[PDB]
Structure formats: structure tokens, C-alpha cells
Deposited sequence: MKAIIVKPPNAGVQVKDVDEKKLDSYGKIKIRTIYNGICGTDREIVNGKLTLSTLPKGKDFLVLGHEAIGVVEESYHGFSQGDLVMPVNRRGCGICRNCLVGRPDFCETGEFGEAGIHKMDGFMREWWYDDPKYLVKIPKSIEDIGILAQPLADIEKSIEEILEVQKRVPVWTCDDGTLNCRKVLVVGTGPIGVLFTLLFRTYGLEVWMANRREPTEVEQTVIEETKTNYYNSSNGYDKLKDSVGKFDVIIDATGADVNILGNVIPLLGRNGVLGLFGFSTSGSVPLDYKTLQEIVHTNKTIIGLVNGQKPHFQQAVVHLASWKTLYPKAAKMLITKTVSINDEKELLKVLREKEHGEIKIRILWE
């Protein structure tokens, strides 16, 4: 069987025929892969930056069901939930390894579990999300979107501690969000916050790309060029109710944006920072205390969030047709090894989502 394989914690990837008999199987439903998606976590594994001799790569997949089994029909498109329970703690037991208390959960194509960049795989109905044909084109995005659905869901649940966090009209329309970092995570955060009616500011250290500009216009989102800092934003707009870190960046970005957090506000840590150290002085922290501010680490969506992601992706073909068309950067054939290896090892400038097609 053709698979895309890695041999961790060593760097490198191959695109090759492997023994289907040594690959991990997860239940009785056979699924023939049609698309994979590639993200930074995939790049990391390829560049060694993170029984079996190899691991199958990939945690973003849509496949087709080959024969009807119980809930699922032949020809149904499905997406597997990539994070799976440790089998021990109460969070995993209730289907919620995003809150696993042992850290011993499985991750498809990362840890303890062959991924899904392979011709086909066997999975269990309980881990499969139905992907309506009507969103087949952008449906691969339900996986990453799922983390963000979980994040926004959580940030809203936490904000229930504030007696009234709604506006005069009963909505969250008057709440402002600063999303730092564009890239597929910042873009998805923006789209989903806009869907919920909040006002959003996107910030990058540069002017917008064409995708971002289309996002601005179509969703009525604001953009702030943050190359010389945040002072002008705070002077022009004042403070934000929610701030999302969506950069894989130097934690010092947190020093820059923390002073833009408003009363009762939330700083959502979602990006996985790779460099730096950020000083917090006593005046900063005492202010956090005085104004009921919260900082929260945001991670991993589970099945309910994949299903939310599907409904939202569906709404975005209606509401935001032009942005939705720009979500998929390009599709690369599983058969074009040179171009595949290239996209696998490296992100192109301003990439949203690279897709793998198995044909």
C-alpha cells in the first residue's frame, strides 16, 4: 500500500509502498482516502523538530466509505478524529481527550497511532465524522477548524463568570477580538468570531495578502499592520475583550498585546511559541488582578467540534463564498512525488491549506 511515512524522532519523509499488514487498524469500517491536509505539525515531524520501524504521517483526512457498515453508507465521505483517548482518565472516558489528565492519549500520525496519509485505513464509527458531499472541496478544513470551535466554545464558557458579558442588544456584537497571526489558524479564528457576530481585528507585521484582503472585505473585518507595534491600535481603537495568539512566534508578542486587553478580557494562548522569553512586571500582573483578566491555554477539538466545523464551513459557502474558495491553496497529486515532498517539507508564503489528492 502507498503511504507517506516518517521514522521519528529522526528527520525525513518517504512516499512509498509499505506492508499494509503492519499498519494500525482502528475498527471495522474500511475507508479509502481521498484528501489529506498538511499543517505545521506535519512540517515539524518531517524536519525532526519534535515493533514499528516507521510511522504513517498525517492527521487531516477525508476518505470514502467502501461498504455500508451500521451508520455509514458506501460512498459516504468521512473524517477521522485525530486525537484519541488514553483509556484511563474520566475526560477521555467521556470522549474528551482534549482534556486528558494523563497526557497518554493517542495522536494520529504524530504519536502511538499511524496517521491517514495512506491509501486506505480501517476505523471505528465512533471516531468518524460525516462530511457532506456539498462541502467536499473545503471539508478537509473541519479538522483544524475543530480546534478553533473548541477554543471559542471554551472562551465563551469561561466568560460566563462575568455576570453580563453581553451587549445592550443581548448579543456579543460590541465585543472586539484581536487575532494575532494570519495563516490558516488566524484566518479560521477570524471567520468563526465573525460568524458569532464579534468585531475582529487581524494583525500582522505587514500589509494584507490577497486572501486576507478578501477576508477583510467579505467578512467586514478590520486589519492592523503591527510592524511598529500596537500603540497606534490602542490609541485608535482602545482595548480588546478577547485577544488570540495565533503565531508560532516569540513569546515577546505577548508583551506587546497584553496592554491591549480590556476589563474582564480574555487572552487565548493557541499558537505554539518556539522562541523567546517574556517579562511580566508587577504593574502588569496587578492590573490583571484588578480587572478580572484571564489567560487560557487553548488546545484540541473533539468530535462535537468537528461537527460544528462542518456546519460552519457549510454556512461559509453561503455567507463568505469568495473567502471560502481561497481556503484551499492548492491540491497536489499523491503521484507527483517531487512536488509532494516539497510541500511536505516546507510551507510556501501565505499558504492557507495544501491538500493531497489520492487518485
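Trainee: Without any C-alpha position in the structure, which residue ranges of the deposited sequence would you list, numbering from 1?
Mentor: Gaps in the modelled chain, taken against the deposited sequence, amount to a single one at 51 to 57.
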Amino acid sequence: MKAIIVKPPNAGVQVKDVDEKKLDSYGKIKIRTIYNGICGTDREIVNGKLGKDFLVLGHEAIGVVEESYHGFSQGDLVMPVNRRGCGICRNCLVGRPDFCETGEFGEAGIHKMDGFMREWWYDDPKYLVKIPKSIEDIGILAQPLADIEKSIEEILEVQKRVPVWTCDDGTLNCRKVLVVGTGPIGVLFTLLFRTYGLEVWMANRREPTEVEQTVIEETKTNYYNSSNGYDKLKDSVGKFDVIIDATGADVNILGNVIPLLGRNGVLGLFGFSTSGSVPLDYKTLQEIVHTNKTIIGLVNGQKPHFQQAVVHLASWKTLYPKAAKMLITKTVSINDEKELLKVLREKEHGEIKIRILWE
From here on, numbers count along this sequence of modelled residues.
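Trainee: Quick check on the record: does 108 to 116 or 230 to 238 carry the larger mean Cα temperature factor?
Mentor: Higher mean C-alpha B-factor in the PDB entry: 108 to 116.
Trainee: Look over 273 to 281 and 141 to 149 in the entry and identify the one with the greater average Cα temperature factor.
Mentor: Taking the mean C-alpha B-factor of 273 to 281 and of 141 to 149, the larger value falls to 273 to 281.
Trainee: Choose from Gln302, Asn292, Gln308, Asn47 the residue with the greatest Cα B-factor as stated in the PDB record.
Mentor: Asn47 has the highest C-alpha B-factor of those listed.
Trainee: Tell me which of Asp123, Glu212, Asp76, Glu136 tops the list for C-alpha B factor in the record.
Mentor: Of the candidates given, the C-alpha B-factor peaks at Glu212.
Trainee: Among the modelled residues of its chain, does the C-alpha B-factor of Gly183 lie in the lowest, middle or highest third?
Mentor: Tercile = middle for this residue's CA B-factor.
Trainee: According to the PDB entry, is the CA B factor of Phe189 in the bottom, middle or top third of its chain, that is, lowest, middle or highest?
Mentor: Lowest third.
Trainee: Grab the CA temperature factor for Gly297 from the record and place it in the lowest, middle or highest third of its chain.
Mentor: CA B-factor rank for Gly297: lowest third.
Trainee: What third of its chain's C-alpha B-factors does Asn204 belong to: lowest, middle or highest?
Mentor: Its C-alpha B-factor, which the entry lists for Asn204, ranks in the highest third among residues of this chain.
Trainee: Comparing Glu154 with the other modelled residues of its chain, is its CA B-factor in the lowest, middle or highest third?
Mentor: CA B-factor rank for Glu154: lowest third.
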